[PDB]
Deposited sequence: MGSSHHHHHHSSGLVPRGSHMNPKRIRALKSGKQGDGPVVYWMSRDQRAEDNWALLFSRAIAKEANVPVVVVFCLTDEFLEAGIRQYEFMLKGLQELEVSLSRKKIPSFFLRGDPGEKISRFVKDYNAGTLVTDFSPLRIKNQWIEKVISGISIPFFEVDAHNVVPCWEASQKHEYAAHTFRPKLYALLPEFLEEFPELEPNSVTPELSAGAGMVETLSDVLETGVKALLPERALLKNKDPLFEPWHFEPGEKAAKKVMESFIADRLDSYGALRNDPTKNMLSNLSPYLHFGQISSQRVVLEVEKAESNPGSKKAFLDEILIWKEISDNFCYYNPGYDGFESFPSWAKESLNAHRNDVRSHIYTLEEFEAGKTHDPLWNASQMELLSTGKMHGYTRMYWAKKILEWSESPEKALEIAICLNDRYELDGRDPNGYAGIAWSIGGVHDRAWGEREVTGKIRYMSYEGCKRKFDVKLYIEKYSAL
């Protein structure tokens, strides 16, 4: 539908109907940003063709009760900066509270919407909201993949077994879908408070706050400043200062050599395509560039592939046949230790390395990538059953990780526990043929004592 720099393969039709005479409405759910947003740019293009203005709507659901203040304040403060950003472009932002299946449907009829566009997310609840919205509206409904460089329905048509199978498919379509982002043209036609929503939600999440012995909060919110402007600053410092040493020090939690982009990438405050755009043009270590590109392009977008083609991505059924048979055969094996969710959450295990990894999670909200595997694999080794291990790993991840409730999390948890996108290894006790990690193995790769002493 019109546009020169717009790839039609990024947008697909969810519902057909006669185009309305009112302004087009963009349902911002996953990509919370103004710049480098294909969904917002496409919505403006439809608005320009029909000589109507564009408007952005955000529906605040009750999902924040499951999570904590750390994700609520991160998302809410970014939205406050987002509201000012669209105001400079004469784009109004409307924030609702309630079920999207009824709030968005009512808003379309009340505002007399002409075209409805939303971003793409492979989550189960996102599809449920779309189906409820479709039955409640009679206007065209579109969906744009503004999160992945290559659209999820275009990269692959089936669930990918391993990364080596998905590697050639993604890199083959890169020269077409890797382009520059055109500027967002301001609106030509002009036509709840965000502070009150933050205050009300915080009070409802105060009892569930993670506290210390002296009733002191554990979360440290000064590590990551939320917002679109700060996300660019984090990416800028990574390329200039940390990209050169990424390829050799990304497995060292004692060194802050990671991009620290997941909290911004999860909420959509920065575009992964923009990050790839600047990294490809940077003169850095070729090994470091290849290692990082395989992380933000291959494994990041294969998590969407895993969740899109596997509705049970957070279940034992999603595990492949060889993993299920191995885990089932070792169900009756005696575990060395058995810890409950409360003991795992408090970091009260016999392993000081595991406790240190949990302490980093509770304090900063972003545990190091290498220690995340050992954090999740040891849960399986010290749990009643593989189903309980998956339950605890998901619960702790979605509650304390700033990048939690993301396809990158469920795929990562399934990789560590169920071996998704992995292969079989030496047969062992309890864990069976799932990939095994040991405390001594971490000793030969990084200074373990420094990591434990940093987080008690």
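Unmodelled regions of the deposited chain sequence (numbering from residue 1, in sequence order): 1-15, 207-215, 481-482.
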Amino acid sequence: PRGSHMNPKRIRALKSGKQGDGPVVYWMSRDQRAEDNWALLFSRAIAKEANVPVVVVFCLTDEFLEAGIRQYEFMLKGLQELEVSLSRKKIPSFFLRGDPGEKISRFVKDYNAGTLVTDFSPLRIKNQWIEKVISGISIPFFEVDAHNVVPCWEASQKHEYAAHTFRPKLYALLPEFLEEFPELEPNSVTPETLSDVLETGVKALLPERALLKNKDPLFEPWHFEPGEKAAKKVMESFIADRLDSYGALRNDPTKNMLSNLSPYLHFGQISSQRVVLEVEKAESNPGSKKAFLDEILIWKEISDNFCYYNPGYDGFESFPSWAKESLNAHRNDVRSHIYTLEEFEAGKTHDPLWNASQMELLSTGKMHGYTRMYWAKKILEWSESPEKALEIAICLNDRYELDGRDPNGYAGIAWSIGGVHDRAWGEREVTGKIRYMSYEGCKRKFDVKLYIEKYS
From here on, numbers count along this sequence of modelled residues.
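Mean C-alpha B-factor is higher over 62-70 than over the other stretch, the pair under comparison being 408-416 and 62-70. Across the two stretches, 332-340 and 292-300, the PDB entry reports the greater mean Cα temperature factor for 332-340. Of the candidates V202, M373, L173, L76, the PDB record gives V202 the highest C-alpha temperature factor. Of all the options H368, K103, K229, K348, the entry's greatest CA B-factor is assigned to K103.
Remark: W425 belongs to the highest third of its chain, ranked by C-alpha B-factor as recorded. The deposited CA B-factor of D110 belongs to the highest third of values across its chain. When all modelled residues of the chain are sorted by CA temperature factor, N256 is found within the highest third. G315: CA B factor lies in the lowest third for its chain, per the PDB record. In the deposited entry, the Cα temperature factor of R97 sits in the top third of values across the chain's modelled residues.
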